[PDB]
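Given next, in structure tokens, is a single chain: the form deposited in one PDB entry.
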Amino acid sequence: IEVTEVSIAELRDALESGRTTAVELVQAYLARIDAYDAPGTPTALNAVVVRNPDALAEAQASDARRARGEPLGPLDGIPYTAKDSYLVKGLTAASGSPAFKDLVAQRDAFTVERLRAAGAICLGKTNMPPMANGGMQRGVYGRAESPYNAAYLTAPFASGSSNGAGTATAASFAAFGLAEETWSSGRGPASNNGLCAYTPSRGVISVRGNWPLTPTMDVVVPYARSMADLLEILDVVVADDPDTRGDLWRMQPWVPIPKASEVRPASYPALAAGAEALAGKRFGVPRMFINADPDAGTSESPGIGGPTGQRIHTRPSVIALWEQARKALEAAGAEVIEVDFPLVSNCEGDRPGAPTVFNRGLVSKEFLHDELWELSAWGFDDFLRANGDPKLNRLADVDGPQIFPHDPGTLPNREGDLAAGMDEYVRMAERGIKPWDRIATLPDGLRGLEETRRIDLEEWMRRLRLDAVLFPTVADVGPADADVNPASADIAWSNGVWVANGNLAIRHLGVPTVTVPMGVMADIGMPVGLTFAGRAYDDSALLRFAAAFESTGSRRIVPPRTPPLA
């Protein structure tokens, strides 16, 4: 059968009626990978970088269960891909880093455990920059290319590390995909590839067995081509993980975090709805993301580094898609209000009187320093210890200069020297790393982060009577040669483009989001998403809003570079 642009429900229907088998499905996806992804093909998208050699045997066992009339559940026999940061037992888990190219996973990540128990089949692992500490920079496997337009990047350049997952899921190299986000490494690639994606509130999906980057910020992010598929995934993966090791927010005792089983609904697929779910709702769109905020960037020295705090120049064709999205929401009975966005303005100090996260006093400068260094060094070292690969199980034994080497011939990283930056973590391990529960600044820091969200988002949405905040996921897309072309790098590194709209505040403060396709820019053929954000633990309502918006149109297209075969 054809698998291009086919939904999970259609696949399960085919498996149940005998129209196909799990083996036939795996072969159909591997065929697309071999025709479009592998080196030496005309497209050479280079999205899938590590194959699962047992995939066909796993498919065999799945069909044996079905012939015996006992499928494990709705995802039995459904193929997916996982970002190279996920531990998949028996395969390498380099996190795209040359220093870890031979590290082998001794167990599964929690997400993978749930999917394995459900009979889902990992076809392989997807591309990413070293340690997810970037966007489109080339790692040990290079980088992935866009299936929509070879001239533009498949993700934001500075934070879009799930760049293989975005290409692979949009090109139907599997039914769905698994990604991860620290700044915008989840929302970014979803936007450029027309995907649905969900960034959960804190503690909803265990991050055990996932390569950490910043333990206060890392979250799991599922990718799918439709909201219905996204809900199929969540139904299976969202559950309580009895093992808390490595998951900072589920280990810490100072901030109340609810159990996953307390946050999820009884049934995720039941969250789908039509336009009726938008009637009478109030949605606020930040002026700063629709070219309506002349005050952005008008303080004396705005930002907290890079292009932050600067006025965002949104592409005209993205504005045109936003206006149609607004009309669709209003036609469905919703109210869309242009508003400020304190969450970002008070993090980046972008206008007179606005504080920054560094000078506001809700979190201390020393906590922000420990977050970047001491806590992250502990994250790396404890992940290696927990995995327990006999050949490499301590951060102090790592080849520092090889963690994130610079790609020769490309322009410098505007965030600084990241090869030396990452090497410092090994020097730290050699001096001795304090565990997380002995870092003195942590208690006040975690409470300060939650306090910031309460003031800037939750109480703010109450007085405005907003049901959600929404905006284009990104302001523009960087050209594909932003790594070597100065003019292209200037665009790719500008605010709203280097990182998805929201910069660091979204993940730093634990804001749940859902992203769906907003359409395709008419001038360059690149997709752009619409992001819904809301109060912590309002995830269910946000998923429903996204599903309802999706139902009002058909805003996704098959990538023109990866058509159905034959």
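Sequential numbering from 1, following the sequence displayed.
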Checklist outcome for this item: The stretch whose C-alpha atoms carry the larger average B-factor in the entry, 171-179 or 439-447, is 439-447
Checklist entry - Which of the two stretches, 417-425 or 352-360, shows the higher mean Cα temperature factor in the record? => result 417-425
Next on the checklist: I'd like to know which of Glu430, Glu338, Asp476, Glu145 has the highest C-alpha temperature factor in the PDB entry.
Outcome noted: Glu430
Checklist entry - Based on what the PDB entry reports, which of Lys327, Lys125, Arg187, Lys391 has the top C-alpha B-factor? => result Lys391
Checklist outcome for this item: Temperature factor at the Cα of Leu542, chain-ranked in thirds, falls in the middle
Checklist outcome for this item: In terms of its chain's C-alpha B-factors, the third that includes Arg225 is the lowest
Next on the checklist: Using only modelled residues of the chain, where does the Cα B factor of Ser62 rank: lowest third, middle third or highest third?
Outcome noted: highest
Checklist entry - Compared with the other modelled residues in the chain, in which third is the CA B-factor of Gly134? => result lowest
Checklist entry - Taking the entry's C-alpha B-factors for this chain, is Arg287 in the lowest, middle or highest third? => result lowest
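Keep in mind the form deposited with a partner chain bound is missing from the figure; the text below concerns it.
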Next on the checklist: Taking any heavy atom pair closer than or equal to 4.5 Å as contact, tell me whether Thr182 reaches its partner chain in the deposited bound form.
Outcome noted: yes
Next on the checklist: Under a 4.5 Å heavy atom criterion, is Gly134 part of the interface with its partner chain in the deposited bound form?
Outcome noted: yes
Checklist entry - Counting only non-hydrogen atoms and a 4.5 angstroms cut-off, does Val497 reach its partner chain in the deposited bound form? => result no
Checklist entry - With a 4.5 Å heavy atom cut-off, would you call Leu213 a contact of its partner chain in the deposited bound form? => result yes
Item to check | All of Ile233, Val237 and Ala541 with a heavy atom within 4.5 Å of its partner chain in the deposited bound form | outcome: no
Checklist entry - Of the listed stretches (319-327, 459-467, 125-133, 166-174), which one has a non-hydrogen atom within 4.5 Å of its partner chain in the deposited bound form? => result 125-133
Checklist outcome for this item: The one option of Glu451, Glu415, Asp102, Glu430 with any heavy atom within 4.5 Å of its partner chain in the deposited bound form is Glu415
Checklist outcome for this item: As a check of understanding, the residue in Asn149, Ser376, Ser201, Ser206 with any heavy atom within 4.5 Å of its partner chain in the deposited bound form should be identified as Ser376
